[PDB]
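S.K.: Pasting in a structure now, in structure tokens, and then I'll have a few things to ask.
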Amino acid sequence: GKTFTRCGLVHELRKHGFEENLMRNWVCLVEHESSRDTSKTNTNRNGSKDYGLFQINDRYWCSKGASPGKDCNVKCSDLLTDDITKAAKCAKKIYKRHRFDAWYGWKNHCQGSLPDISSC
């Protein structure tokens with residue numbers, strides 16, 4: 001697991017199939033959820049835990065076990081590896097029903113201001 005910079009994240013998502021017109025929303029969401037860190041985790045009041053760059057939950061999208069086998073066919077520990085793609089492809093499969101509303105940071109802080117990406 002590693003941390004990314006905004007220019008690195010903008011590029012990593014552009015390579016992983018994220019739209020340049022949505023990139024501002026995506027990086028500003030990710031900067032509140034994981035702070036651009038693949039190693040980040042958070043526990044919930046419901047007893048489940050969140051993993052990887054999009055803080056994906058072991059009961060809803062990824063799987064906590066030794067093998068993948070959940071709604072996005074991906075394992076919580078694979079989201080902690082040095083390429084975000086395991087979390088990013090699952091984030092696209094969520095965006096098919098909830099483009100940004102599946103993440104609390106976007107509706108808590110990205111409604112006020114977004115960062116610039118025109119230097120990336």
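Chain labels follow the order of the structure tokens: the first chain is A, the next B, and so on; residue numbering restarts at 1 in every chain, and ligands are counted from 1 in their shown order.
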Show which residues sit within 7 Å of residue 70 in chain A, as a ChimeraX atom specification. Count only C-alpha atoms, and ignore same-chain residues fewer than 6 positions away.

M.R.: /A:61-63

S.K.: Take the selection from the previous step and output its residues with N, CA, C and O atoms, as a PDB file, in the first residue's frame.

M.R.:
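The new file again-v2.pdb reads:
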ATOM      1  N   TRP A  61     -19.660  -4.753  -1.149  1.00  0.00           N
ATOM      2  CA  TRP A  61     -19.003  -4.657  -2.463  1.00  0.00           C
ATOM      3  C   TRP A  61     -17.739  -5.530  -2.584  1.00  0.00           C
ATOM      4  O   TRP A  61     -17.638  -6.328  -3.518  1.00  0.00           O
ATOM      5  N   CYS A  62     -16.802  -5.427  -1.632  1.00  0.00           N
ATOM      6  CA  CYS A  62     -15.647  -6.333  -1.484  1.00  0.00           C
ATOM      7  C   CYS A  62     -15.890  -7.417  -0.416  1.00  0.00           C
ATOM      8  O   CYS A  62     -16.859  -7.347   0.331  1.00  0.00           O
ATOM      9  N   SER A  63     -15.019  -8.427  -0.349  1.00  0.00           N
ATOM     10  CA  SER A  63     -15.079  -9.563   0.593  1.00  0.00           C
ATOM     11  C   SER A  63     -13.887  -9.581   1.564  1.00  0.00           C
ATOM     12  O   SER A  63     -12.740  -9.404   1.147  1.00  0.00           O
TER      13      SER A  63
END

S.K.: Do you know which residues are at most 12 Å from residue 102 in chain A counting only C-alpha atoms, after dropping those on the same chain fewer than 2 positions away, and could you put them as a VMD selection string?

M.R.: chain A and resid 29 33 54 to 57 60 to 61 90 to 100 104 to 108

S.K.: If we count only C-alpha atoms, what is near residue 85 in chain A at a cut-off of 10 Å, once residues fewer than 5 positions away on the same chain are taken out, given as a VMD selection string?

M.R.: chain A and resid 12 to 13 15 to 17 53 78 to 79 90 to 91

S.K.: Near residue 59 in chain A, counting only C-alpha atoms, which residues have an atom at most 12 Å away, once you skip same-chain residues fewer than 6 positions from it, shown as a ChimeraX atom specification?

M.R.: /A:43-44,46-51,65,69-72,74-76

S.K.: Pick out the residues sitting within 9 Å of range 8-10 of chain A, and hand them over as a PyMOL selection string; count only C-alpha atoms, and ignore anything fewer than 6 positions along from it in its own chain.

M.R.: chain A and resi 18+20+23-24+26-27+36+117+120

S.K.: Take the selection from the previous step and output its residues with C-alpha atoms, as a JSON list (two decimals), in the first residue's frame.

M.R.:
[["chain", "number", "residue", "atom", "x", "y", "z"],
["A", 18, "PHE", "CA", -12.56, 7.81, -15.28],
["A", 20, "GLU", "CA", -11.84, 14.03, -17.35],
["A", 23, "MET", "CA", -12.08, 13.87, -12.38],
["A", 24, "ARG", "CA", -12.51, 16.93, -10.06],
["A", 26, "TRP", "CA", -13.59, 11.86, -8.05],
["A", 27, "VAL", "CA", -10.27, 13.24, -6.65],
["A", 36, "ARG", "CA", -5.49, 9.36, -1.57],
["A", 117, "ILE", "CA", -6.91, 19.60, -12.43],
["A", 120, "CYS", "CA", -2.38, 17.58, -14.57]]
